[PDB]
Structure formats: C-alpha cells, structure tokens
Amino acid sequence: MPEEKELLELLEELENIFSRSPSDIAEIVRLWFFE
Amino acid sequence: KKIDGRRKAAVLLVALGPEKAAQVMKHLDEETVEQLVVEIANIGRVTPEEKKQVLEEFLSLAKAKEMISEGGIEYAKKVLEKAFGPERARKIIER
C-alpha cells in the first residue's frame with residue numbers, strides 16, 4: 001500500500017502524458033515492440 | 001526482471017485500460033495493431049514489479065524529448081529517498 005501509493009503516482013504521470021499526446025505513447029509502443 | 005520489448009508494450013497498454021489503449025492504437029497501422037492485440041491476449045498475469053518497471057522506463061523515455069529547466073531539487077529528493085530512505089538521505093547531504 002506504500003508500494004501501491006507509488007503505483008498510483010506512476011499511473012498519474014502516465015495519465016497526464018496521455019491527455020497531452022497519445023501519439024507520444026504510440027511512439028514508445030513502436031520502439032518497444034519492434035525490438 | 002528482464003522483460004522482452006513486446007511484453008513491455010503489452011503491459012503498458014493493459015495499464016492504460018481499454019478506452020485509452022484503443023486511442024493510442026489508432027496511431028499505429030493495422031498490421032502493428034494485430035500483432036499487439038495478440039501479445040495483449042496472451043499476456044497472462046502481470047506482476048506488480050513488471051508493471052512498475054514498465055511504467056518507470058516508459059516515463060523516462062517519454063520525457064527524453066522534453067527540455068528541462070530546473071526542478072532539480074525535487075528530482076534529487078526523489079532519487080535520494082528511493083536510494084537510501086529519507087532518514088539516511090538527510091545525513092548524506094550533511095545534517
């Protein structure tokens with residue numbers, strides 16, 4: 001639950017990134033999936 | 001501990017949840033999406049450590065393009081407390 005607390009922190013940053021640009025997430029998905 | 005890049009992408013999209021993952025995937029072509037849905041479909045259980053590792057690497061990569069202007073104190077605080085805990089950190093930087 002302290003560990004859970006830092007998970008929500010990471011998820012909040014992820015959420016923030018999504019609302020700014022889903023295409024920046026797609027770019028990292030691409031990078032990862034093709035090696 | 002060492003995660004294949006295909007599984008990393010699948011863990012990230014699962015963590016986003018279906019409505020946000022679907023929006024991300026519209027930025028990818030049809031053939032990429034089909035391979036990703038197959039990786040997602042066979043992802044199985046995601047451990048809490050896998051999830052945290054993927055999220056940490058994702059955030060570092062997403063900020064790579066960003067110009068940094070100060071904020072170093074808060075950054076150093078998080079590094080010190082993750083590395084050593086706050087009580088030891090206080091003594092490292094000198095009482």
# chains A, B, ... in the order shown; residues from 1 in each chain; ligands from 1
call {"tool": "residues_around", "arguments": {"residues": "residue 8 (chain A)", "least_positions_apart": "6", "cutoff": "12 Å", "atoms": "only C-alpha atoms", "output": "list in words"}}
result
residues 1, 2, 14 and 15 of chain A; 15, 48, 51, 52 and 55 of chain B
call {"tool": "interface_residues", "arguments": {"of": "chain B", "to": "chain A", "cutoff": "10 Å", "atoms": "only C-alpha atoms", "output": "PDB file with N, CA, C and O atoms, in the first residue's frame"}}
result
ATOM      1  N   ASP B   4      10.994  -8.703 -22.310  1.00  0.00           N
ATOM      2  CA  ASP B   4      11.046  -8.543 -23.759  1.00  0.00           C
ATOM      3  C   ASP B   4      10.251  -7.307 -24.187  1.00  0.00           C
ATOM      4  O   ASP B   4       9.274  -6.922 -23.546  1.00  0.00           O
ATOM      5  N   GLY B   5      10.715  -6.644 -25.249  1.00  0.00           N
ATOM      6  CA  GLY B   5      10.104  -5.382 -25.648  1.00  0.00           C
ATOM      7  C   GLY B   5       8.657  -5.523 -26.087  1.00  0.00           C
ATOM      8  O   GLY B   5       7.874  -4.572 -25.989  1.00  0.00           O
ATOM      9  N   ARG B   6       8.279  -6.700 -26.582  1.00  0.00           N
ATOM     10  CA  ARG B   6       6.889  -6.926 -26.955  1.00  0.00           C
ATOM     11  C   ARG B   6       6.001  -6.970 -25.718  1.00  0.00           C
ATOM     12  O   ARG B   6       4.917  -6.374 -25.700  1.00  0.00           O
ATOM     13  N   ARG B   7       6.460  -7.652 -24.666  1.00  0.00           N
ATOM     14  CA  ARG B   7       5.698  -7.703 -23.426  1.00  0.00           C
ATOM     15  C   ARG B   7       5.617  -6.331 -22.755  1.00  0.00           C
ATOM     16  O   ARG B   7       4.594  -5.994 -22.140  1.00  0.00           O
ATOM     17  N   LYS B   8       6.696  -5.544 -22.825  1.00  0.00           N
ATOM     18  CA  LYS B   8       6.643  -4.190 -22.273  1.00  0.00           C
ATOM     19  C   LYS B   8       5.510  -3.390 -22.904  1.00  0.00           C
ATOM     20  O   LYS B   8       4.720  -2.757 -22.200  1.00  0.00           O
ATOM     21  N   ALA B   9       5.406  -3.414 -24.232  1.00  0.00           N
ATOM     22  CA  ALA B   9       4.320  -2.682 -24.882  1.00  0.00           C
ATOM     23  C   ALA B   9       2.958  -3.212 -24.445  1.00  0.00           C
ATOM     24  O   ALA B   9       2.013  -2.440 -24.269  1.00  0.00           O
ATOM     25  N   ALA B  10       2.833  -4.531 -24.272  1.00  0.00           N
ATOM     26  CA  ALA B  10       1.554  -5.092 -23.863  1.00  0.00           C
ATOM     27  C   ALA B  10       1.205  -4.682 -22.436  1.00  0.00           C
ATOM     28  O   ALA B  10       0.045  -4.369 -22.142  1.00  0.00           O
ATOM     29  N   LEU B  12       2.116  -1.954 -20.937  1.00  0.00           N
ATOM     30  CA  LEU B  12       1.740  -0.545 -20.917  1.00  0.00           C
ATOM     31  C   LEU B  12       0.300  -0.364 -21.367  1.00  0.00           C
ATOM     32  O   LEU B  12      -0.469   0.376 -20.735  1.00  0.00           O
ATOM     33  N   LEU B  13      -0.095  -1.043 -22.451  1.00  0.00           N
ATOM     34  CA  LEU B  13      -1.456  -0.863 -22.946  1.00  0.00           C
ATOM     35  C   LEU B  13      -2.482  -1.455 -21.984  1.00  0.00           C
ATOM     36  O   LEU B  13      -3.586  -0.921 -21.851  1.00  0.00           O
ATOM     37  N   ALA B  15      -2.122  -1.478 -18.758  1.00  0.00           N
ATOM     38  CA  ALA B  15      -2.148  -0.493 -17.675  1.00  0.00           C
ATOM     39  C   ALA B  15      -2.956   0.741 -18.037  1.00  0.00           C
ATOM     40  O   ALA B  15      -3.504   1.411 -17.152  1.00  0.00           O
ATOM     41  N   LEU B  16      -3.013   1.084 -19.325  1.00  0.00           N
ATOM     42  CA  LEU B  16      -3.804   2.232 -19.733  1.00  0.00           C
ATOM     43  C   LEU B  16      -5.303   1.956 -19.636  1.00  0.00           C
ATOM     44  O   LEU B  16      -6.087   2.897 -19.488  1.00  0.00           O
ATOM     45  N   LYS B  20      -8.324   4.098 -23.187  1.00  0.00           N
ATOM     46  CA  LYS B  20      -7.136   4.864 -23.550  1.00  0.00           C
ATOM     47  C   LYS B  20      -6.208   4.064 -24.449  1.00  0.00           C
ATOM     48  O   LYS B  20      -5.571   4.636 -25.345  1.00  0.00           O
ATOM     49  N   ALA B  21      -6.118   2.746 -24.228  1.00  0.00           N
ATOM     50  CA  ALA B  21      -5.310   1.912 -25.107  1.00  0.00           C
ATOM     51  C   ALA B  21      -5.819   1.977 -26.542  1.00  0.00           C
ATOM     52  O   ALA B  21      -5.025   2.098 -27.476  1.00  0.00           O
ATOM     53  N   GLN B  23      -7.376   4.390 -28.033  1.00  0.00           N
ATOM     54  CA  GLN B  23      -6.995   5.675 -28.615  1.00  0.00           C
ATOM     55  C   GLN B  23      -5.518   5.692 -29.011  1.00  0.00           C
ATOM     56  O   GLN B  23      -5.167   6.176 -30.099  1.00  0.00           O
ATOM     57  N   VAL B  24      -4.641   5.151 -28.160  1.00  0.00           N
ATOM     58  CA  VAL B  24      -3.225   5.048 -28.529  1.00  0.00           C
ATOM     59  C   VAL B  24      -3.060   4.225 -29.804  1.00  0.00           C
ATOM     60  O   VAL B  24      -2.305   4.599 -30.713  1.00  0.00           O
ATOM     61  N   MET B  25      -3.785   3.120 -29.915  1.00  0.00           N
ATOM     62  CA  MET B  25      -3.587   2.222 -31.053  1.00  0.00           C
ATOM     63  C   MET B  25      -4.021   2.761 -32.416  1.00  0.00           C
ATOM     64  O   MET B  25      -3.567   2.274 -33.463  1.00  0.00           O
ATOM     65  N   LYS B  26      -4.890   3.771 -32.409  1.00  0.00           N
ATOM     66  CA  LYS B  26      -5.244   4.458 -33.648  1.00  0.00           C
ATOM     67  C   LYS B  26      -4.071   5.220 -34.251  1.00  0.00           C
ATOM     68  O   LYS B  26      -4.153   5.638 -35.407  1.00  0.00           O
ATOM     69  N   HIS B  27      -2.975   5.378 -33.511  1.00  0.00           N
ATOM     70  CA  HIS B  27      -1.764   5.987 -34.043  1.00  0.00           C
ATOM     71  C   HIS B  27      -0.835   4.967 -34.675  1.00  0.00           C
ATOM     72  O   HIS B  27       0.256   5.339 -35.108  1.00  0.00           O
ATOM     73  N   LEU B  28      -1.244   3.701 -34.719  1.00  0.00           N
ATOM     74  CA  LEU B  28      -0.455   2.602 -35.252  1.00  0.00           C
ATOM     75  C   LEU B  28      -1.175   2.007 -36.450  1.00  0.00           C
ATOM     76  O   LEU B  28      -2.405   2.053 -36.532  1.00  0.00           O
ATOM     77  N   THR B  32       0.514  -3.598 -37.248  1.00  0.00           N
ATOM     78  CA  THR B  32       1.074  -3.465 -35.909  1.00  0.00           C
ATOM     79  C   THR B  32       0.017  -3.769 -34.853  1.00  0.00           C
ATOM     80  O   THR B  32       0.269  -4.508 -33.891  1.00  0.00           O
ATOM     81  N   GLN B  35      -0.650  -7.506 -34.315  1.00  0.00           N
ATOM     82  CA  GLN B  35       0.365  -8.201 -33.541  1.00  0.00           C
ATOM     83  C   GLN B  35       0.287  -7.814 -32.075  1.00  0.00           C
ATOM     84  O   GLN B  35       0.495  -8.655 -31.191  1.00  0.00           O
ATOM     85  N   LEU B  36      -0.034  -6.552 -31.795  1.00  0.00           N
ATOM     86  CA  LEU B  36      -0.124  -6.108 -30.412  1.00  0.00           C
ATOM     87  C   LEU B  36      -1.307  -6.752 -29.702  1.00  0.00           C
ATOM     88  O   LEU B  36      -1.185  -7.153 -28.544  1.00  0.00           O
ATOM     89  N   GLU B  39      -0.266 -10.085 -28.636  1.00  0.00           N
ATOM     90  CA  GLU B  39       0.571 -10.048 -27.439  1.00  0.00           C
ATOM     91  C   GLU B  39      -0.256  -9.724 -26.202  1.00  0.00           C
ATOM     92  O   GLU B  39      -0.038 -10.302 -25.132  1.00  0.00           O
ATOM     93  N   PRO B  48       3.198  -7.042 -10.005  1.00  0.00           N
ATOM     94  CA  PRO B  48       3.341  -5.625  -9.632  1.00  0.00           C
ATOM     95  C   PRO B  48       4.697  -5.051  -9.999  1.00  0.00           C
ATOM     96  O   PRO B  48       4.791  -3.860 -10.328  1.00  0.00           O
ATOM     97  N   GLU B  49       5.747  -5.877  -9.976  1.00  0.00           N
ATOM     98  CA  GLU B  49       7.088  -5.402 -10.288  1.00  0.00           C
ATOM     99  C   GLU B  49       7.275  -5.185 -11.784  1.00  0.00           C
ATOM    100  O   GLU B  49       7.932  -4.224 -12.188  1.00  0.00           O
ATOM    101  N   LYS B  51       4.846  -4.325 -13.782  1.00  0.00           N
ATOM    102  CA  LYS B  51       4.072  -3.120 -14.062  1.00  0.00           C
ATOM    103  C   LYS B  51       4.851  -1.865 -13.693  1.00  0.00           C
ATOM    104  O   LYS B  51       4.921  -0.911 -14.475  1.00  0.00           O
ATOM    105  N   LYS B  52       5.436  -1.853 -12.495  1.00  0.00           N
ATOM    106  CA  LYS B  52       6.216  -0.709 -12.031  1.00  0.00           C
ATOM    107  C   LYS B  52       7.459  -0.489 -12.893  1.00  0.00           C
ATOM    108  O   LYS B  52       7.796   0.654 -13.222  1.00  0.00           O
ATOM    109  N   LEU B  55       6.357   0.978 -16.269  1.00  0.00           N
ATOM    110  CA  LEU B  55       5.925   2.364 -16.131  1.00  0.00           C
ATOM    111  C   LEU B  55       7.116   3.298 -15.924  1.00  0.00           C
ATOM    112  O   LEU B  55       7.157   4.396 -16.491  1.00  0.00           O
ATOM    113  N   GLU B  56       8.110   2.866 -15.139  1.00  0.00           N
ATOM    114  CA  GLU B  56       9.291   3.705 -14.898  1.00  0.00           C
ATOM    115  C   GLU B  56      10.084   3.953 -16.174  1.00  0.00           C
ATOM    116  O   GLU B  56      10.491   5.092 -16.447  1.00  0.00           O
ATOM    117  N   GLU B  57      10.329   2.899 -16.956  1.00  0.00           N
ATOM    118  CA  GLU B  57      11.034   3.064 -18.221  1.00  0.00           C
ATOM    119  C   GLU B  57      10.221   3.913 -19.193  1.00  0.00           C
ATOM    120  O   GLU B  57      10.771   4.793 -19.867  1.00  0.00           O
ATOM    121  N   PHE B  58       8.909   3.678 -19.269  1.00  0.00           N
ATOM    122  CA  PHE B  58       8.071   4.476 -20.158  1.00  0.00           C
ATOM    123  C   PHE B  58       8.201   5.967 -19.868  1.00  0.00           C
ATOM    124  O   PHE B  58       8.313   6.779 -20.793  1.00  0.00           O
ATOM    125  N   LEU B  59       8.131   6.351 -18.580  1.00  0.00           N
ATOM    126  CA  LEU B  59       8.155   7.768 -18.222  1.00  0.00           C
ATOM    127  C   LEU B  59       9.485   8.419 -18.590  1.00  0.00           C
ATOM    128  O   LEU B  59       9.509   9.534 -19.136  1.00  0.00           O
ATOM    129  N   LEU B  61      11.505   7.450 -20.987  1.00  0.00           N
ATOM    130  CA  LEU B  61      11.532   7.603 -22.444  1.00  0.00           C
ATOM    131  C   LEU B  61      10.662   8.769 -22.910  1.00  0.00           C
ATOM    132  O   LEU B  61      11.070   9.542 -23.786  1.00  0.00           O
ATOM    133  N   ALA B  62       9.468   8.922 -22.329  1.00  0.00           N
ATOM    134  CA  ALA B  62       8.565   9.988 -22.765  1.00  0.00           C
ATOM    135  C   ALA B  62       9.120  11.369 -22.454  1.00  0.00           C
ATOM    136  O   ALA B  62       8.854  12.322 -23.193  1.00  0.00           O
ATOM    137  N   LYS B  63       9.890  11.506 -21.374  1.00  0.00           N
ATOM    138  CA  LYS B  63      10.461  12.803 -21.036  1.00  0.00           C
ATOM    139  C   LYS B  63      11.751  13.101 -21.787  1.00  0.00           C
ATOM    140  O   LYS B  63      12.238  14.238 -21.714  1.00  0.00           O
ATOM    141  N   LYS B  65      12.407  13.723 -24.844  1.00  0.00           N
ATOM    142  CA  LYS B  65      12.295  14.841 -25.775  1.00  0.00           C
ATOM    143  C   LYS B  65      12.093  16.185 -25.086  1.00  0.00           C
ATOM    144  O   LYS B  65      12.146  17.214 -25.767  1.00  0.00           O
TER     145      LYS B  65
END
call {"tool": "closest_residue", "arguments": {"among": "B:50, B:34, B:66, B:81", "to": "residue 3 (chain B)", "atoms": "only C-alpha atoms"}}
result
B:50
call {"tool": "atom_distance", "arguments": {"atom1": "CA of residue 78 (chain B)", "atom2": "CA of residue 54 (chain B)"}}
result
18.3 Å
call {"tool": "atom_distance", "arguments": {"atom1": "CA of residue 2 (chain B)", "atom2": "CA of residue 9 (chain A)"}}
result
22.9 Å
call {"tool": "atom_distance", "arguments": {"atom1": "CA of residue 12 (chain A)", "atom2": "CA of residue 45 (chain B)"}}
result
22.1 Å
